[PDB]
Peer 1: 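Structure incoming, see below.
Order of listing sets the numbers, starting from 1, for every ligand and every atom in it. Residue numbers start from 1 in every chain, and the chains themselves are labelled A, B, ... in the order their sequence lines are given, proteins ahead of strands.
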Amino acid sequence: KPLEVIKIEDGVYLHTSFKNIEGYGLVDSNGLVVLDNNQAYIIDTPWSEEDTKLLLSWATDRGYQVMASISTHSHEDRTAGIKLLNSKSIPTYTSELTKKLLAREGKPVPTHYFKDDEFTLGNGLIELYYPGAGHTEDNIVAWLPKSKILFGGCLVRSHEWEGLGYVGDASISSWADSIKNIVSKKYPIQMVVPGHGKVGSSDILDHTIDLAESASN
Amino acid sequence: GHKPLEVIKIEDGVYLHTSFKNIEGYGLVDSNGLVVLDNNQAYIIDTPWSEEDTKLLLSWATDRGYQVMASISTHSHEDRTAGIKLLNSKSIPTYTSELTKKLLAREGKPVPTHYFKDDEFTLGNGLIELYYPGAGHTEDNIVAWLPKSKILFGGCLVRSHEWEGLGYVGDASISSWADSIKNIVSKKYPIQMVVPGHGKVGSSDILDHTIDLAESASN
Ligand SMILES: [Zn+2]
Ligand SMILES: [Zn+2]
Ligand SMILES: [Zn+2]
Ligand SMILES: [Zn+2]
């Protein structure tokens, strides 16, 4: 089934990609599109090239210019559309580490990267922060100061889940600390968006800390 | 990155087998069946999710000196039937309901060599009791009751407490699902444990949870 895009705040839309697993059912993956006058910014590509093309059409059919994407770690559900965005001359961004992990895997790389633990896109529309290893070594989060939404990506676990999920690339013993570094920013969080599953409140941070500590033991 | 079949004992003469698929950008998803033993005779309730995992389950059994007498698949979906072709190639009897068999045929998938026509059927001389309670997860889903161990294999018609919804409903009859679960209840089996098609083994409470979720999606 195709990409779904639904409004979750003024100028903020959740995009969800799906894969249909024979014998199991549909699984899904979230990112955001953030709108500012006539400019759009994508936080995580959709999960496939085809879905990324649908996301671009969504924006441009509405008269927006897609200014940039940012991918919040190197896995395919965050980065599948980088190649397409690059082919359309849309700036793609990741952290330096994420870029280097993609390059090391022989995957298309973003055309731009940032070196520090913090970076901003869209002149403060989106504030990126690397809190430490968790779901992966390179996972970053995005804070949207206007809408008070934290896109936690795959580092955070929605309440629908009673486990950490895939941990093949995880640093389980650092994960709780990395969430605590997010808490220490004292963002006035109204909503937290996960990489997989339903939008929640700031309590998703506590839920994740607890899943992390349990797994550590 | 294939993670192999896992087999774990859950009662005397009853083993849970779990197959896994590793979905890039997501992680591992899984699917359960059973192996039920009677002396050195083994019966498979649902095949593993792939040919290779079915091979591994066959090797599990034969390495332990068991003869695999038959498999029974509890509906037509791939997670229940993937191994039918391979079992057939080794002359191991494969069973489904008549409806499941015909759905497979219609889809041009490998068909079982055996099928039962009634709403009830037994394998192994009272070892496994099969019952069709009605449509739910699919039009053809059946359940298996194990008298000796007091285990109900509910397969994908039942929802573990871990799940907040009915799951995939592309092939479902949401309106009939609660009723079908009530039909199971009406059997008055002395259930000690209920095993789902996807997720953790639980207690007879799984049935009430499923009725709840069915009613809610209906409403
Ligand atoms: Zn990931
Ligand atoms: Zn993810
Ligand atoms: Zn099914
Ligand atoms: Zn199933």
Peer 1: Near the Zn ion (ligand 2), which protein N/O/S atoms fall under 2.8 Å?
Peer 2: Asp77(A) OD2, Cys154(A) SG, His196(A) NE2

Peer 1: Please determine if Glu51(B) and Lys85(B) form a salt bridge, counting it only when a charged side-chain N lies under 4.0 Å from a carboxylate O.
Peer 2: yes

Peer 1: Could you work out, with side chain to side chain donor-acceptor pair (under 3.5 Å) as the rule, every residue matching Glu164(B), not counting sequence neighbours?
Peer 2: none

Peer 1: Is a salt bridge present between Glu139(B) and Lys102(B), judged by a nitrogen-to-oxygen distance below 4.0 Å?
Peer 2: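 Looking at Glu139(B) and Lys102(B), the cut-off is not met.
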
Peer 1: Regarding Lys109(B) and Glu78(B), does a basic nitrogen lie under 4.0 Å from an acidic carboxylate oxygen?
Peer 2: yes

Peer 1: Without hydrogens or angle criteria, can the side chains of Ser50(B) and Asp53(B) be said to hold a donor-acceptor pair below 3.5 Å?
Peer 2: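 Present: a donor and an acceptor within the cut-off.
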
Peer 1: Only one of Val183(A), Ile179(A), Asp177(A), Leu155(A) passes side-chain contact (heavy atoms from CB on, under 4.5 Å) with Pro131(A); say which it is.
Peer 2: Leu155(A)

